[PDB]
Amino acid sequence: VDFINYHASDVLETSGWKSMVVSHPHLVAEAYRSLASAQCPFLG
Amino acid sequence: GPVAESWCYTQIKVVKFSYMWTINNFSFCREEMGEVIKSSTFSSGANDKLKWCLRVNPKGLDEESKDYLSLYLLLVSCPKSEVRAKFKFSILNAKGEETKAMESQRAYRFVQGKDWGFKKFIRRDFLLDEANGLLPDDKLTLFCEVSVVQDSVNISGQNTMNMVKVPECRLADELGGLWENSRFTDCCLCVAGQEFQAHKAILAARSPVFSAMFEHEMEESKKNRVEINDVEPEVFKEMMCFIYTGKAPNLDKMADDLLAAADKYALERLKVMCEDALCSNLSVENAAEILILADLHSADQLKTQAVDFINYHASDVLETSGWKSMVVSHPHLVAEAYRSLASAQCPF
Amino acid sequence: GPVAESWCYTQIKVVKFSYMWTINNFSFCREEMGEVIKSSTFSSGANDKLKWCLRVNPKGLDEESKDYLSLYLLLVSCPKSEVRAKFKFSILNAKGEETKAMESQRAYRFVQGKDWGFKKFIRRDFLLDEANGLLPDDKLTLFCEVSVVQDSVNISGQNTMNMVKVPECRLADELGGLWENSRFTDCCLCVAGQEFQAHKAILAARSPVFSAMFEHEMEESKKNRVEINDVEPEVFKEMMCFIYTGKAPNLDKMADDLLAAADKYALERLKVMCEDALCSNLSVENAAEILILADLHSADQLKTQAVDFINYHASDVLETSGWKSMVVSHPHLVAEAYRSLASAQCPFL
């Protein structure tokens, strides 16, 4: 999840990311949780 | 105050640019005397043609400003020949207020590649000491506000030529009367058993979905009666009180389902003005139920504004239980939120 | 915290290196001034090419560092031509904590094989004094912090700012389109044989005449073939378009008899607007027939303006043949024309 967070620009372009989006919702939910709750505030 | 027969309002237009600027790790200024670091080119939405930029000397520009942080405002590109402006500089502190702000009294002449500002803007040692708290986390934030003047226009308002005057438009008032007095309607609907009375042509005048249903399969056999059994009459009356009058008085009290009916009946202007109410009622504890409606009923600007709110307040939206319900109900919204957050946090 | 239109965020990214280096049994350094001990090159996860190394002099470089153990940081490999950094040095005491920190505040510019450091890093007697604890188990463990900066980038995040705009109230032109479309027409207007078409309730809303003769029980007889005999159809089209649309595009070419039609059908806004149109048409000769039309169609606001006009320009009005026709045909209007001239605006004699 940390690697996906640090390569968030490049993971989304892969077809495996699309597959785990259409298959596994809560993995994307925890990815968002570690992207937002483990960061922020980032100015505006 | 006497009323004169002739008047003339002279208006010189003024626009405003409001600006944030934020730099990290100011201790790593990386250079001595002589260095400049610029800022990105910025402009407002209107007219989106006047391009400005900033520049700062971390040590100073001259020997009289060795202990002075130097600040300037610069004009990079403009389509017009010459633009003047009055500007104001400020520094945000750690607490979020303004300190050591100063402005310039003269509307200075700007042209392509000309700078103006205060070389002696603030004392470098005054910024360096931590007692005033003007260096939060080794970061500097600047508040820049500039107002741009524009050419003069004269409306030349002539009065008392004609005592007569026309009463603008009462047609909305009579069309409102067509609903209350009901003025011999043609087709009577049926909303959950309740009977509402409506005319036939003026519904199809504005509703694309009613125009198709009224003429096909309905007018030939069942022209008087048709049943709507999906929207409650307490908001359906308010919805039908827009097609006639051109407006909706009671919007905010039941805007939660007025937008639900709006995309159901494809009323474009009603959809936008109810999107306005549901955009104005944005908060952290209902962003999930705003986004679920903006996705189920094909909202676009509301969906964009809601996800932009959630990305900025994502610290406590995740604390809400409605967010947890949205996660298990609609994964695609979570994926869209992740995509928008990745687009926002592209450099990291 | 006020709200601004445009954010801009110019960050500089710092990468930190972490490194400790221990030498066992350092007391047998075996050489006077002149000998150096370079450790192995090291790098962190920053492109895996920034290779740094540490050079130490146990005795020193020269005579000024005779009582000093020198310490120097050296760069051996870098992809970019020029890399600057700020660095930090320290030693460990007997218990392991940091001791004897000195700093170089400048971000010195490093090149392939260029050195910087503290020649007088630490007193040799101070280090070799065992009471200070700076040589635990005759071991010399160091610590180093390399802070490298690289080029800044800009984000410039314009926040969002607009309110979702509502469209204009198109209730005028959207029902004006219904005039030309004639969808679900209820009645066909007849004038001079030519056939217009309209509805019933929308016409009864605007005019008192239609809101009498649509409810005095002639729905099944008169709505189907309603007959109008007075108004000419080119006038009738525009006054009907004023009933639906609420606007009159070409009033100025036909402003005369539209006032008569407006008074015929009690369309008050049309009557006032036709008075407005004929107000700015008062030439020096035609005011007589304007006043006649105003009297026959109860246009009082235009009547007062026409009387003021004939009072002010009456030195030339009475020469024209229109005034003579007025005198012959209408005896009673000259009463009001003389009345406003008599009890206003020239009794100073």
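Protein chains in written order, with the authors' numbering: chain P, 322 to 365; chain A, 16 to 363; chain F, 16 to 364. All C-beta atoms in this analysis are idealised placements derived from N, C-alpha and C, irrespective of residue type, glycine included.
TODO: Provide the residue span of the beta strand (DSSP E) that contains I243 of chain A, from first to last.
DONE: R240 to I243
Open item on the list: Spatial neighbours of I38 of chain A within its chain, please: C-beta separation below 6 angstroms, excluding the five flanking residues on both sides.
Closed with: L155
- [ ] Please list the residues of the stretch 166-195 of chain F that have a C-beta atom closer than 8 angstroms to any C-beta atom in chain P, keeping them in chain order.
- [x] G172 and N174
Task: Residues near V51 of chain F by beta carbon distance below 8 angstroms, same chain, minus five either side - done: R70, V71 and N72
Open item on the list: Is the beta carbon of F125 of chain A closer than 8 angstroms to that of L90 of chain A?
Closed with: yes
TODO: Have a look at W194 of chain A and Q320 of chain F and give me their C-alpha separation to the nearest angstrom.
DONE: 41 angstroms
Open item on the list: Is the separation between the beta-carbon of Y353 of chain A and that of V343 of chain P shorter than 8 angstroms?
Closed with: no
Open item on the list: According to DSSP, simplified to helix, strand and coil, what is residue 12 of chain A?
Closed with: This structure cannot speak to residue 12 of chain A, because chain A is shown only from 16 to 363.
Task: Near-chain C residues of the stretch 335-350 of chain P - C-beta to any C-beta below 8 angstroms - done: Although the question refers to chain C, the structure presented lacks it and instead comprises the protein chains P, A and F.
Task: CB of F57 of chain A within 8 angstroms of CB of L86 of chain A, strictly - done: no
TODO: Scan the stretch 122-181 of chain A and note each continuous alpha helix (DSSP H) run of 4 residues or more that stays entirely inside, going in chain order.
DONE: 139-143
Task: Bridge partner(s) assigned by DSSP for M35 of chain A - done: A:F158
Task: Contact set for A275 of chain F: own chain, Cβ-Cβ below 6 angstroms, skip 5 residues either direction - done: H312
Open item on the list: Quick check: the Cα distance between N239 of chain A and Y280 of chain A, rounded to an integer number of angstroms?
Closed with: 20 angstroms
TODO: Drop a sphere of 10 angstroms on the beta-carbon of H214 of chain F, count the other beta-carbons inside from all chains shown, and report buried for 16 or more, exposed for fewer.
DONE: buried
Open item on the list: Check whether chain F comes within 8 angstroms of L364 of chain P, counting only Cβ atoms and requiring the distance to be less than that.
Closed with: yes
Open item on the list: Give me the residue from A:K262, A:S162 and A:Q165 with the minimum Cα distance to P182 of chain F.
Closed with: A:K262
Task: Partners in chain F for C294 of chain A, counting only beta-carbon separations shorter than 7 angstroms - done: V179
TODO: Answer yes or no: does any C-beta atom of chain A fall closer than 8 angstroms to that of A359 of chain P?
DONE: no
Open item on the list: Considering only their Cβ atoms, is the gap separating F225 of chain A from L218 of chain A smaller than 8 angstroms?
Closed with: yes
Task: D331 of chain P classed as buried or exposed, judged by whether at least 16 other C-beta atoms fall within 10 angstroms - done: exposed
Open item on the list: Using a Cβ-Cβ distance cut-off of 8 angstroms, determine whether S355 of chain P contacts chain A.
Closed with: no
Open item on the list: I need the straight-line Cα distance from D153 of chain A to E46 of chain A, nearest angstrom please.
Closed with: 16 angstroms
Open item on the list: Whether or not the stretch 132-147 of chain F and the stretch 280-289 of chain A are in contact is what I'm after, with contact meaning three or more pairs of Cβ atoms, one per stretch, closer than 8 angstroms; do they touch?
Closed with: no
Task: Simplified DSSP assignment, three categories, for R221 of chain A - done: helix
Open item on the list: Mapping the DSSP letters down to three states, classify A352 of chain F as helix, strand or coil.
Closed with: helix
Open item on the list: Between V163 of chain A and chain F, is the shortest Cβ-Cβ distance under 8 angstroms, so that the two count as touching?
Closed with: no
Open item on the list: Is it the case that the stretch 74-81 of chain A contacts the stretch 107-126 of chain A, given that we only count it when at least three CB pairs across the two stretches are under 8 angstroms?
Closed with: no
Open item on the list: I need the DSSP call for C68 of chain A, collapsed to helix, strand or coil.
Closed with: strand
Open item on the list: Strictly below 7 angstroms CB to CB, what residues from chain A border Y24 of chain F?
Closed with: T37
Open item on the list: On a Cα-Cα basis, can you pick out the residue from A:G192, A:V164, A:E247 and A:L285 that is closest to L204 of chain A?
Closed with: A:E247
Task: Validate contact between the stretch 23-30 of chain F and the stretch 156-166 of chain F using beta carbons, cut 8 angstroms, 3 pairs - done: yes
TODO: Could you work out which residue in A:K66, A:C159 and A:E234 is closest to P94 of chain A when comparing CA atoms only?
DONE: A:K66
Open item on the list: Just to make sure I have the definition right: I need the residues of chain A whose C-beta is within less than 8 angstroms of the C-beta of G261 of chain F. Which are they?
Closed with: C184 and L186
Task: is_contact[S21 of chain F, chain A] using C-beta, thresh 8 angstroms - done: yes
Task: Simplified DSSP state of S21 of chain A, which is helix, strand or coil - done: strand
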